[PDB]
Amino acid sequence: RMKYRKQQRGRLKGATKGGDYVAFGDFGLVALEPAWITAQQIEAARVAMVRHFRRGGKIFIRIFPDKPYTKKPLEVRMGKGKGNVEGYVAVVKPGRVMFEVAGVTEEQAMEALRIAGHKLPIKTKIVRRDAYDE
Amino acid sequence: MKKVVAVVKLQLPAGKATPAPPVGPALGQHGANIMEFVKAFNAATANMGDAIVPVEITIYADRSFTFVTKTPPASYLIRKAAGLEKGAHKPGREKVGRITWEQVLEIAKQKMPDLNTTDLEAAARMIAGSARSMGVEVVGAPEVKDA
Amino acid sequence: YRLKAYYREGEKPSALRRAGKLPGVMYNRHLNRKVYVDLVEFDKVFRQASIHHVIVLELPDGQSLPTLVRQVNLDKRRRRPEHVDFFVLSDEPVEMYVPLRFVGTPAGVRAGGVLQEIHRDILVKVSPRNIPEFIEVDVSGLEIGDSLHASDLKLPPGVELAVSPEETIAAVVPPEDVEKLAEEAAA
RNA sequence: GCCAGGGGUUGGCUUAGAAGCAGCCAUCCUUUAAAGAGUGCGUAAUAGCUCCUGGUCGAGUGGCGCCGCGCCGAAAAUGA
């Protein structure tokens, strides 16, 4: 990573651009609630899914945490958080795809993502592919 | 006009044999008169070659057994042209030997008089089908013919 | 795939949704008109067909039109479409996406991998006469790490592509697993 | 729900043992109106009971997505 230092909080305004279409893989996992997904959160999913289907299919982490989550050292008010405790986050807004899978039949890519969602704060909703492309 | 008790499945060569396991924890804790029951094993493997004969043993109701010598498993006919003594550990990516669909035609005439399969055109895919899931494939020429 | 087409005018956009009638538009070089198609009817018609098969549209005029779904706008938050586009054809060459089929298993997956299909459809410049329902791609000899580019496809008669002949159709990717997890979260 | 019947094969590999059934890799045919080289328990390993058939039966059933409302999750210090 490069970027530069600590960033501002912000506001999880609506769902506007926070939302997508499944782009890679057969099934899909997307967010119903706005939130600040962490790194280790995504990791908590990444692992679980692979631990499900060892020598299985390929996983795609469509979202990416480039927002410096800040924090303060147990005291008070001088200066702004050295932060970075949790680390860097992703602004995830309803309708947003987060985890693509492939090379796994229904029962596989179904019990894979669902588990993910349980290492995940917000509510989720697995997806097929219908036909809606572009 | 005869009594039985329980069925048991064993694997072993034909002619050379000893009470050693897994034939030990078998006819041992149930008793066995290997005084005369083996004089019918040396007359049943007298002019019969060696292999891995799974004699279908079925313990009588008189503490004996129904020694009916059957034809060796389809895992012994394939390594009969490969010379090996086992099989491939992953039937799919690796391939130990590449036999022929011709050797499967004349080693299977040794597996029909006992097996429950009629003609040989079906016995050609049984020995070429049990070979698929063990790490070995074949090649043919005649096949369906048709129009 | 046919579908009963309806004419919309001043009717407020949203109110139509409260009728299960998804609003829409047909148009081309020689035409422009507002429309609205029932969602359920559309859905059944679209799923199966999508932006490959041509969908005729029957108006209250006894008109049959050879339209194509140029685009379709979806409502992020519970995948559901708000608006549809329909491109009216004639018989002059036209660009559009065509479906794909990959027969047989590569030397990748058969040995131990996963088929990473990059596209499910390729862009072609073709006339309304020729609208192939699928383009065969003999992905048999695709070892793990190889790939089939746009420069080697089963192009039927009179069907020249439209994207770069260097663009990649798909690729054979490495299967990710737990055996990696010891080295992954390690160093 | 019920009555009855319930192959090569003991799949190949690993393993002290792995017999449809710890783990690994996978796509045979045959008696047949039917029985998965295999759903679960079980044995040291087996067999076995069961999730195959015909009849009786006699008309529906199974699973899935979404909505309105509710249910658990829900433990505190004077008396509710």
# chains A, B, ... in the order shown; residues from 1 in each chain; ligands from 1
>>> residues_around(residues="residue 14 (chain D)", least_positions_apart="3", cutoff="9 Å", atoms="only C-alpha atoms (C1' of nucleotides)", output="PDB file with C-alpha atoms (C1' of nucleotides), in the first residue's frame")
ATOM      1  CA  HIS B  89      -2.781 -43.690  -5.797  1.00  0.00           C
TER       2      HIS B  89
ATOM      3  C1'   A D  18      -9.960 -49.281   6.112  1.00  0.00           C
ATOM      4  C1'   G D  23      -8.145 -40.400   4.933  1.00  0.00           C
ATOM      5  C1'   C D  24      -7.205 -39.982  -0.517  1.00  0.00           C
TER       6        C D  24
END
>>> residues_around(residues="residue 54 (chain C)", least_positions_apart="2", cutoff="7 Å", atoms="only C-alpha atoms (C1' of nucleotides)", output="list in words")
residues 1, 52, 56, 66, 67 and 68 of chain C
>>> select_by_dssp(residues="chain B", states="helix (DSSP H, G or I)", output="number ranges by chain")
B: 24-27, 78-80, 103-106, 123-126, 132-134
>>> select_by_dssp(residues="region 12-99 of chain A", states="strand (DSSP E or B)", output="VMD selection string")
chain A and resid 28 to 31 35 to 37 59 to 61 67 to 69 87 to 92 97 to 99
>>> write_last_selection(atoms="N, CA, C and O atoms", output="PDB file, in the first residue's frame")
ATOM      1  N   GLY A  28     -22.638 -15.719  -5.777  1.00  0.00           N
ATOM      2  CA  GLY A  28     -22.236 -14.424  -5.255  1.00  0.00           C
ATOM      3  C   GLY A  28     -22.734 -14.096  -3.857  1.00  0.00           C
ATOM      4  O   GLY A  28     -23.733 -14.643  -3.392  1.00  0.00           O
ATOM      5  N   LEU A  29     -22.027 -13.187  -3.189  1.00  0.00           N
ATOM      6  CA  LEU A  29     -22.366 -12.756  -1.834  1.00  0.00           C
ATOM      7  C   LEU A  29     -22.332 -11.234  -1.722  1.00  0.00           C
ATOM      8  O   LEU A  29     -21.314 -10.604  -2.001  1.00  0.00           O
ATOM      9  N   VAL A  30     -23.440 -10.645  -1.290  1.00  0.00           N
ATOM     10  CA  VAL A  30     -23.574  -9.193  -1.307  1.00  0.00           C
ATOM     11  C   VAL A  30     -24.207  -8.630  -0.027  1.00  0.00           C
ATOM     12  O   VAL A  30     -24.934  -9.332   0.685  1.00  0.00           O
ATOM     13  N   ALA A  31     -23.916  -7.360   0.253  1.00  0.00           N
ATOM     14  CA  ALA A  31     -24.307  -6.703   1.504  1.00  0.00           C
ATOM     15  C   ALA A  31     -25.689  -6.045   1.490  1.00  0.00           C
ATOM     16  O   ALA A  31     -26.044  -5.328   0.558  1.00  0.00           O
ATOM     17  N   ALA A  35     -21.868  -0.471   6.176  1.00  0.00           N
ATOM     18  CA  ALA A  35     -20.946  -0.751   7.275  1.00  0.00           C
ATOM     19  C   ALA A  35     -19.471  -0.560   6.919  1.00  0.00           C
ATOM     20  O   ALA A  35     -19.117  -0.323   5.760  1.00  0.00           O
ATOM     21  N   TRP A  36     -18.620  -0.671   7.938  1.00  0.00           N
ATOM     22  CA  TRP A  36     -17.173  -0.569   7.774  1.00  0.00           C
ATOM     23  C   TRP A  36     -16.493  -1.925   7.928  1.00  0.00           C
ATOM     24  O   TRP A  36     -15.972  -2.252   8.993  1.00  0.00           O
ATOM     25  N   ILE A  37     -16.504  -2.715   6.866  1.00  0.00           N
ATOM     26  CA  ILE A  37     -15.848  -4.006   6.902  1.00  0.00           C
ATOM     27  C   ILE A  37     -14.366  -3.798   7.169  1.00  0.00           C
ATOM     28  O   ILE A  37     -13.764  -2.868   6.637  1.00  0.00           O
ATOM     29  N   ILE A  59     -11.517 -18.258  -5.209  1.00  0.00           N
ATOM     30  CA  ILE A  59     -12.294 -17.199  -4.571  1.00  0.00           C
ATOM     31  C   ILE A  59     -11.836 -15.811  -5.007  1.00  0.00           C
ATOM     32  O   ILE A  59     -10.643 -15.569  -5.201  1.00  0.00           O
ATOM     33  N   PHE A  60     -12.798 -14.901  -5.148  1.00  0.00           N
ATOM     34  CA  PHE A  60     -12.529 -13.538  -5.589  1.00  0.00           C
ATOM     35  C   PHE A  60     -13.013 -12.541  -4.538  1.00  0.00           C
ATOM     36  O   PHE A  60     -14.215 -12.434  -4.297  1.00  0.00           O
ATOM     37  N   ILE A  61     -12.086 -11.820  -3.910  1.00  0.00           N
ATOM     38  CA  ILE A  61     -12.452 -10.750  -2.972  1.00  0.00           C
ATOM     39  C   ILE A  61     -12.655  -9.424  -3.705  1.00  0.00           C
ATOM     40  O   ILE A  61     -11.712  -8.647  -3.877  1.00  0.00           O
ATOM     41  N   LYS A  67      -9.356   2.327   3.561  1.00  0.00           N
ATOM     42  CA  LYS A  67      -9.653   3.411   4.481  1.00  0.00           C
ATOM     43  C   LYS A  67      -9.067   3.142   5.860  1.00  0.00           C
ATOM     44  O   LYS A  67      -9.473   2.203   6.541  1.00  0.00           O
ATOM     45  N   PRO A  68      -8.106   3.976   6.272  1.00  0.00           N
ATOM     46  CA  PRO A  68      -7.438   3.892   7.573  1.00  0.00           C
ATOM     47  C   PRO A  68      -8.401   4.040   8.733  1.00  0.00           C
ATOM     48  O   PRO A  68      -8.816   5.157   9.033  1.00  0.00           O
ATOM     49  N   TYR A  69      -8.749   2.930   9.373  1.00  0.00           N
ATOM     50  CA  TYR A  69      -9.551   2.979  10.587  1.00  0.00           C
ATOM     51  C   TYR A  69      -8.687   3.523  11.715  1.00  0.00           C
ATOM     52  O   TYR A  69      -7.638   2.964  12.023  1.00  0.00           O
ATOM     53  N   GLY A  87      -6.956  -1.464  11.595  1.00  0.00           N
ATOM     54  CA  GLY A  87      -6.278  -1.323  10.323  1.00  0.00           C
ATOM     55  C   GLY A  87      -7.090  -0.548   9.309  1.00  0.00           C
ATOM     56  O   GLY A  87      -7.616   0.523   9.596  1.00  0.00           O
ATOM     57  N   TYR A  88      -7.202  -1.103   8.113  1.00  0.00           N
ATOM     58  CA  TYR A  88      -7.807  -0.384   7.009  1.00  0.00           C
ATOM     59  C   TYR A  88      -9.106  -1.044   6.575  1.00  0.00           C
ATOM     60  O   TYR A  88      -9.233  -2.269   6.596  1.00  0.00           O
ATOM     61  N   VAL A  89     -10.073  -0.218   6.196  1.00  0.00           N
ATOM     62  CA  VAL A  89     -11.433  -0.695   5.988  1.00  0.00           C
ATOM     63  C   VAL A  89     -11.982  -0.427   4.597  1.00  0.00           C
ATOM     64  O   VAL A  89     -11.367   0.263   3.781  1.00  0.00           O
ATOM     65  N   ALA A  90     -13.160  -0.994   4.354  1.00  0.00           N
ATOM     66  CA  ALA A  90     -13.908  -0.781   3.127  1.00  0.00           C
ATOM     67  C   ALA A  90     -15.297  -0.231   3.450  1.00  0.00           C
ATOM     68  O   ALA A  90     -15.993  -0.732   4.340  1.00  0.00           O
ATOM     69  N   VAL A  91     -15.683   0.818   2.736  1.00  0.00           N
ATOM     70  CA  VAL A  91     -17.035   1.332   2.816  1.00  0.00           C
ATOM     71  C   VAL A  91     -17.942   0.441   1.976  1.00  0.00           C
ATOM     72  O   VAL A  91     -17.895   0.455   0.744  1.00  0.00           O
ATOM     73  N   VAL A  92     -18.757  -0.353   2.658  1.00  0.00           N
ATOM     74  CA  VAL A  92     -19.641  -1.295   1.994  1.00  0.00           C
ATOM     75  C   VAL A  92     -21.094  -0.853   2.129  1.00  0.00           C
ATOM     76  O   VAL A  92     -21.612  -0.714   3.236  1.00  0.00           O
ATOM     77  N   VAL A  97     -21.509  -6.404  -4.061  1.00  0.00           N
ATOM     78  CA  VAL A  97     -20.926  -7.739  -4.124  1.00  0.00           C
ATOM     79  C   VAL A  97     -19.616  -7.761  -3.355  1.00  0.00           C
ATOM     80  O   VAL A  97     -18.864  -6.788  -3.381  1.00  0.00           O
ATOM     81  N   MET A  98     -19.336  -8.868  -2.675  1.00  0.00           N
ATOM     82  CA  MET A  98     -18.170  -8.934  -1.800  1.00  0.00           C
ATOM     83  C   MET A  98     -17.322 -10.190  -1.974  1.00  0.00           C
ATOM     84  O   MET A  98     -16.110 -10.159  -1.760  1.00  0.00           O
ATOM     85  N   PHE A  99     -17.962 -11.293  -2.346  1.00  0.00           N
ATOM     86  CA  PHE A  99     -17.263 -12.567  -2.474  1.00  0.00           C
ATOM     87  C   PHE A  99     -17.780 -13.406  -3.635  1.00  0.00           C
ATOM     88  O   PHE A  99     -18.927 -13.853  -3.638  1.00  0.00           O
TER      89      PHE A  99
END
>>> interface_residues(of="chain C", to="chain D", cutoff="12 Å", atoms="only C-alpha atoms (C1' of nucleotides)", output="compact mmCIF listing (two decimals) with N, CA and C atoms, in the first residue's frame")
# COMPACT_ATOMS: atom_id res chain seq x y z
N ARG C 78 -31.25 -5.44 -3.60
CA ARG C 78 -32.19 -6.45 -4.07
C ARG C 78 -32.31 -6.37 -5.58
N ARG C 110 -9.24 -31.52 -15.18
CA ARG C 110 -9.18 -32.98 -15.18
C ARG C 110 -8.03 -33.47 -14.30
N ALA C 111 -6.94 -32.72 -14.29
CA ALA C 111 -5.80 -33.04 -13.44
C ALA C 111 -5.99 -32.48 -12.03
N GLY C 112 -6.58 -31.29 -11.94
CA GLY C 112 -6.85 -30.67 -10.65
C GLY C 112 -6.75 -29.16 -10.65
>>> closest_residue(among="B:49, B:97, B:140, B:73", to="chain D", atoms="only C-alpha atoms (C1' of nucleotides)")
B:73
>>> residues_around(residues="region 53-60 of chain D", least_positions_apart="4", cutoff="12 Å", atoms="only C-alpha atoms (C1' of nucleotides)", output="PyMOL selection string")
chain D and resi 1-6+32-35
>>> decode(residues="chain D", atoms="C-alpha atoms (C1' of nucleotides)", output="PDB file, in the first residue's frame")
ATOM      1  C1'   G D   1     -47.721 -46.990   6.574  1.00  0.00           C
ATOM      2  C1'   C D   2     -47.250 -51.988   5.561  1.00  0.00           C
ATOM      3  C1'   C D   3     -46.019 -57.341   3.877  1.00  0.00           C
ATOM      4  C1'   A D   4     -42.058 -59.856   1.296  1.00  0.00           C
ATOM      5  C1'   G D   5     -37.040 -60.373  -1.279  1.00  0.00           C
ATOM      6  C1'   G D   6     -32.708 -57.341   0.651  1.00  0.00           C
ATOM      7  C1'   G D   7     -23.344 -60.110  -8.146  1.00  0.00           C
ATOM      8  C1'   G D   8     -17.548 -59.382  -9.960  1.00  0.00           C
ATOM      9  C1'   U D   9     -17.055 -55.448  -5.540  1.00  0.00           C
ATOM     10  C1'   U D  10     -13.841 -57.197  -0.290  1.00  0.00           C
ATOM     11  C1'   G D  11     -13.881 -50.451  -5.888  1.00  0.00           C
ATOM     12  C1'   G D  12      -8.345 -48.830  -6.808  1.00  0.00           C
ATOM     13  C1'   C D  13      -4.956 -46.400  -2.858  1.00  0.00           C
ATOM     14  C1'   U D  14      -3.125 -45.712   1.783  1.00  0.00           C
ATOM     15  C1'   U D  15      -3.025 -48.338   6.627  1.00  0.00           C
ATOM     16  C1'   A D  16      -1.434 -52.770  12.525  1.00  0.00           C
ATOM     17  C1'   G D  17      -7.119 -52.873  10.535  1.00  0.00           C
ATOM     18  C1'   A D  18      -9.960 -49.281   6.112  1.00  0.00           C
ATOM     19  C1'   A D  19     -14.923 -55.568   3.840  1.00  0.00           C
ATOM     20  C1'   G D  20     -20.669 -49.738   0.375  1.00  0.00           C
ATOM     21  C1'   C D  21     -18.811 -46.935   5.416  1.00  0.00           C
ATOM     22  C1'   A D  22     -10.939 -42.648   9.539  1.00  0.00           C
ATOM     23  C1'   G D  23      -8.145 -40.400   4.933  1.00  0.00           C
ATOM     24  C1'   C D  24      -7.205 -39.982  -0.517  1.00  0.00           C
ATOM     25  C1'   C D  25      -8.739 -40.619  -6.037  1.00  0.00           C
ATOM     26  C1'   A D  26     -12.584 -41.199  -8.582  1.00  0.00           C
ATOM     27  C1'   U D  27     -17.795 -41.093 -13.271  1.00  0.00           C
ATOM     28  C1'   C D  28     -17.881 -49.927 -14.806  1.00  0.00           C
ATOM     29  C1'   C D  29     -21.179 -53.736 -16.277  1.00  0.00           C
ATOM     30  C1'   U D  30     -24.755 -57.564 -15.149  1.00  0.00           C
ATOM     31  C1'   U D  31     -29.967 -60.873 -13.029  1.00  0.00           C
ATOM     32  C1'   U D  32     -33.991 -57.031 -13.230  1.00  0.00           C
ATOM     33  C1'   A D  33     -40.442 -54.016 -13.334  1.00  0.00           C
ATOM     34  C1'   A D  34     -35.245 -52.850  -8.586  1.00  0.00           C
ATOM     35  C1'   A D  35     -30.887 -52.214  -5.558  1.00  0.00           C
ATOM     36  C1'   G D  36     -26.205 -45.555  -5.460  1.00  0.00           C
ATOM     37  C1'   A D  37     -18.403 -48.732  -7.052  1.00  0.00           C
ATOM     38  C1'   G D  38     -22.575 -45.832  -2.046  1.00  0.00           C
ATOM     39  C1'   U D  39     -27.212 -42.064   3.196  1.00  0.00           C
ATOM     40  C1'   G D  40     -26.311 -43.122   8.603  1.00  0.00           C
ATOM     41  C1'   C D  41     -25.257 -46.049  12.886  1.00  0.00           C
ATOM     42  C1'   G D  42     -22.481 -50.117  14.159  1.00  0.00           C
ATOM     43  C1'   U D  43     -17.621 -54.100  14.563  1.00  0.00           C
ATOM     44  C1'   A D  44     -10.709 -54.372  15.777  1.00  0.00           C
ATOM     45  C1'   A D  45     -12.047 -55.597  10.691  1.00  0.00           C
ATOM     46  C1'   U D  46     -17.251 -57.958   9.355  1.00  0.00           C
ATOM     47  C1'   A D  47     -22.220 -59.225   9.071  1.00  0.00           C
ATOM     48  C1'   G D  48     -26.254 -56.614  10.261  1.00  0.00           C
ATOM     49  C1'   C D  49     -30.851 -52.759  10.974  1.00  0.00           C
ATOM     50  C1'   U D  50     -31.952 -48.518   7.299  1.00  0.00           C
ATOM     51  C1'   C D  51     -32.169 -44.492   3.495  1.00  0.00           C
ATOM     52  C1'   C D  52     -34.614 -51.617  -3.422  1.00  0.00           C
ATOM     53  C1'   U D  53     -38.675 -53.535  -5.504  1.00  0.00           C
ATOM     54  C1'   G D  54     -44.023 -55.575  -6.404  1.00  0.00           C
ATOM     55  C1'   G D  55     -48.593 -55.683  -4.111  1.00  0.00           C
ATOM     56  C1'   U D  56     -52.119 -53.636  -0.639  1.00  0.00           C
ATOM     57  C1'   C D  57     -53.480 -48.498  -0.184  1.00  0.00           C
ATOM     58  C1'   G D  58     -55.889 -44.713  -2.171  1.00  0.00           C
ATOM     59  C1'   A D  59     -55.233 -38.931  -3.218  1.00  0.00           C
ATOM     60  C1'   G D  60     -52.233 -35.550  -3.782  1.00  0.00           C
ATOM     61  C1'   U D  61     -47.003 -34.317  -2.075  1.00  0.00           C
ATOM     62  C1'   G D  62     -42.221 -32.541  -1.491  1.00  0.00           C
ATOM     63  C1'   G D  63     -38.928 -28.677  -1.584  1.00  0.00           C
ATOM     64  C1'   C D  64     -37.927 -23.403  -2.679  1.00  0.00           C
ATOM     65  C1'   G D  65     -37.993 -17.967  -2.865  1.00  0.00           C
ATOM     66  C1'   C D  66     -40.977 -13.187  -0.974  1.00  0.00           C
ATOM     67  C1'   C D  67     -44.408 -10.448   1.933  1.00  0.00           C
ATOM     68  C1'   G D  68     -47.812  -8.572   6.805  1.00  0.00           C
ATOM     69  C1'   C D  69     -47.760  -9.741  11.766  1.00  0.00           C
ATOM     70  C1'   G D  70     -45.709 -12.449  15.906  1.00  0.00           C
ATOM     71  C1'   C D  71     -42.094 -16.242  18.783  1.00  0.00           C
ATOM     72  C1'   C D  72     -37.108 -17.524  21.093  1.00  0.00           C
ATOM     73  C1'   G D  73     -32.445 -14.969  21.745  1.00  0.00           C
ATOM     74  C1'   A D  74     -33.901 -11.105  26.616  1.00  0.00           C
ATOM     75  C1'   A D  75     -30.217 -11.675  33.778  1.00  0.00           C
ATOM     76  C1'   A D  76     -29.981  -6.448  38.631  1.00  0.00           C
ATOM     77  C1'   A D  77     -29.889  -4.998  42.667  1.00  0.00           C
ATOM     78  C1'   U D  78     -36.248  -0.467  47.773  1.00  0.00           C
ATOM     79  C1'   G D  79     -42.240  -2.408  45.075  1.00  0.00           C
ATOM     80  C1'   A D  80     -44.574  -3.442  40.837  1.00  0.00           C
TER      81        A D  80
END
